[PDB]
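A short worksheet on the structure shown next.
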There are 2 protein chains.
Amino acid sequence: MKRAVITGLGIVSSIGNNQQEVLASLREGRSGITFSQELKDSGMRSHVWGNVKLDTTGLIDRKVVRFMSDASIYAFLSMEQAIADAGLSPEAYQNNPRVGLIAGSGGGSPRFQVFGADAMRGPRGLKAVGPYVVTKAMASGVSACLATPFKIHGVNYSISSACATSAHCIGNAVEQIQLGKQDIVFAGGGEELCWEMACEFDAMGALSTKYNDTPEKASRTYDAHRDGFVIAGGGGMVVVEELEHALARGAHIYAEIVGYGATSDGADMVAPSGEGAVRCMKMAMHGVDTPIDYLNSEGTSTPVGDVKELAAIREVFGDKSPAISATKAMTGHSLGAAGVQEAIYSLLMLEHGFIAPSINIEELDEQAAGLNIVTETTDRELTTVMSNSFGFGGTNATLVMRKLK
Amino acid sequence: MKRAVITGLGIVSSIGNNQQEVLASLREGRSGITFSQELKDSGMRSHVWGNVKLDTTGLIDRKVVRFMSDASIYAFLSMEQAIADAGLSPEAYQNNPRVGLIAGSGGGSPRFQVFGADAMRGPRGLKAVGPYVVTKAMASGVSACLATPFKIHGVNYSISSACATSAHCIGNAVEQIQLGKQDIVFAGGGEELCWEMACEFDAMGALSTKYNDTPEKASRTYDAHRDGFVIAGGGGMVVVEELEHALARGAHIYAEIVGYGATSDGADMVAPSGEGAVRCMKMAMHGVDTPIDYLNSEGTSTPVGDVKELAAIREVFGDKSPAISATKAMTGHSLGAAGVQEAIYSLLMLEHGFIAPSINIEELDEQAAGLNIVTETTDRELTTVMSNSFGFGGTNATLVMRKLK
Ligand SMILES: *C(=O)CCCCCCCCCCC
Ligand SMILES: *C(=O)CCCCCCCCCCC
Ligand SMILES: [N+]
């Protein structure tokens, strides 16, 4: 069937507002985590986060941004970048039935859902709520707020799957190409950063709380003293395009998506089973006869999660353990946006020939012994890379990207 | 490619807690709309809704329901019904890599999102919030909360697209079968009903507010005196299965999904363009050699929406107009769950050979000129039915179902 390639990327993350800033951060192992007075003032135990360092004010037309929440704003800016990077003119992707968009978020906008409820209970009621809360709070906000302004005429919807969200968006975009239904599909996601959402994770003990005095060291995937993930926000978008279509217009191709896995654990609501991830990676590797040169793990920096994933990796590769690094150690967990941002970090490593370090490992977990966990920036000619995304509800997604000749 | 059929269904709506109660309501043209003290007390102008009349207490095991919000609860009950109706047992669908689930909601859980923030802001903080809010508030709540307890091992994620949500879930399930990736996929969705979410629509002016004294007459699609939709809650689930697999086990087949359309308006954020709807219906009709006998339109019961759809239908069919009925006139708008519930209402009409009536039409709109709008339960031998679902962000979905030869 049809082949799908990535011809453009865009990103707004805690470690950079474009692919160049991100490239630099990755090579330097630079942390994007900072102290958050907002989280502390909210009464949380976790006082750190991967915030987007950028004032989005005035970057989007007023009549457009009025319907958007932060998730949508980050994704929108990422898409603008992706379009430019892919070299697509308005006439090339706009008002085109064969051009679609699949992008989502993990929780829509808790901030605006809370805003509406707070306003409604106030002295003004409906007048305080305003007529723009629905498009900001609905789960499809990220896709609705981008499809409309970018004049998308093809597929238009969001895939939501907790922390695997934007990973499934990319995979579904590949499926549209494979089914011959679309020539181009913009795929990615976004996630806002706020105490309204973060506190829920702290209430279940999922966030790091013992490193508030040293923010850049809180996220420490694979470290014996890890104590939870560091929440983050941001966005990402990639241009998934049919191969022949990309070649015909002389598009720059980062890589082909040669493998996409999507499975379910059918076990625990918030803890990974490991068994599902094994099937997910194996599914993504079906027909891929080239070895995996680098694996961008889920590496949440949680006690149980990091362990279950290393076990799954051992089962899949055994004595064929590939190089591994967890970028979340420096970026934090952007939840719904993690999938696309991590695929982008992987594409950058593949494009520039290097492996980003898995930082903050002062004492390697005993269950990670024997694995090839890269802890220092290492230059290397990569050809095939893998990126895993796992979320609550036992949802698993894996993407395999490979350079073209 | 492979063919997909519906071998089972389950539903929990304002007009019935199962397919029998729904069938009884559709035949009688009974309304599920009632006066809501909750909405009135919140300060809203709309005082009516299509609530689920069912005491869900004790219907789901304690350990499982503790992670669920109302949208998940409704979808869960619908899935239990669908499994039994399909004649499937644990040994056949559990722990099976070729059995998946695609189901979502329009906005996760505004109630628990607000509950979390309210609790956190209280003197107890994190202790008051509890450790179960994430799975209740996240957008993928519906898929996560069903795939886990039902031990699903295949595909697992939610698709969100506002009022087209559950319609795209079904379409995506069909795609999994066509790609040969799954033999069975449970598809559908659910949506909670609460002022927290309802007030956002009211502040938007999208809800009916001139018939609070006569609830059952508030939702009046195509009526010249319509003034917005009536919000509703509920769930729905259908079993999408590969044809040979279904025939091999001697399953009961309601109909085959012979058409699926998914397009984008790329125009207005909250108003339909019509142009997108035309392309969507045409896409679903492509290849169908049989004419459309019945059409379960979107019929939101809104001034602009109704007009735009009628025009689109007129553009697609023209003189050869099929029987048209807007079930939302009696059920209300269940948003994220509207797609699957309407697909179900249509399957029941096709299964029981009859057309549901479009109630509350005291004065037909000028736009519905040369169109066959059924306003009374009519017995007919339907063969091919169509259902349209449109949502904010200009997202369109259309499903075409036909009896198996
Ligand atoms: C990743 O799997 C962890 C869960 C992320 C879900 C997306 C964010 C939902 C938060 C909603 C408010 C509690
Ligand atoms: C249908 O298109 C109208 C919009 C429905 C959006 C999904 C329902 C939830 C909206 C946000 C609630 C906080
Ligand atoms: N990853």
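Counting convention: from 1, in listed order, for ligands and their atoms alike. Naming: A, B, ... by sequence-line order, numbering from 1 per chain.
- A salt bridge links B:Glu38 with B:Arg111: the closest approach of a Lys/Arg side-chain nitrogen to an acidic carboxylate oxygen falls below 4.0 angstrom.
- Shown here for B:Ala144 and A:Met269, the closest heavy-atom pair between the two residues is O-SD, 3.5 Å.
- For ligand 2, the atoms closer than 4.0 angstrom to any heavy atom of B:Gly106 are 7 (C), 8 (C), 9 (C).
- By the criterion of a heavy-atom distance under 4.0 Å, the side chain of B:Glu200, and not its backbone, is placed next to ligand 2.
- When non-hydrogen atoms are compared, ligand 2 lies under 4.0 Å from the side chain of B:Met197 (C-beta onward) but not from its backbone.
- Of the heavy atoms in B:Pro110, only side-chain atoms (C-beta onward) come closer than 4.0 Å to ligand 2.
- Which parts of ligand 2 touch A:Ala137 is read off a 4.0 Å heavy-atom cut-off, strictly below it: atoms 11 (C), 13 (C).
- Considering only non-hydrogen atoms, atom 5 (C) of ligand 1 lies nearest to A:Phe201 out of A:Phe392, A:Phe201, A:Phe229.
- Considering each of B:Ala206, B:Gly107, A:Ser109, the one bringing a non-hydrogen atom nearest atom 9 (C) of ligand 2 is B:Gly107.
- Proximity of B:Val129 to A:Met204: side-chain heavy atoms (C-beta onward) are nowhere separated by under 4.5 Å.
- Between B:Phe67 and A:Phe392, the gap from one ring centroid to the other reaches at least 6.0 Å.
- The proximity of B:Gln113 to ligand 1, defined as any non-hydrogen pair under 4.0 Å, is limited to the side chain.
- Close approach of ligand 2 to B:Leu335 is summarised as follows: ligand atoms under 4.0 Å from at least one heavy atom of the residue are 8 (C).
- Classification of B:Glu298 and B:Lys328 as a salt-bridged pair holds, one side-chain N sitting under 4.0 Å from a carboxylate O.
- Residue B:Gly391 approaches ligand 2 through these ligand atoms, each under 4.0 Å from one of its heavy atoms: 2 (O).
- Put simply, the side chain of A:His168 reaches to within 4.5 Å of the side chain of A:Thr395, judged on heavy atoms.
- Of all the atoms in ligand 2, the ones that sit under 4.0 Å from a non-hydrogen atom of B:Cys163 are 1 (C), 2 (O), 3 (C), 4 (C), 5 (C).
- Within the 4.5 Å cutoff, the side chain of A:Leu126 has heavy atoms near those of the A:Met120 side chain.
- Using a 4.5 Å cut-off on side-chain heavy atoms (C-beta onward), A:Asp265 and A:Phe390 make no contact.
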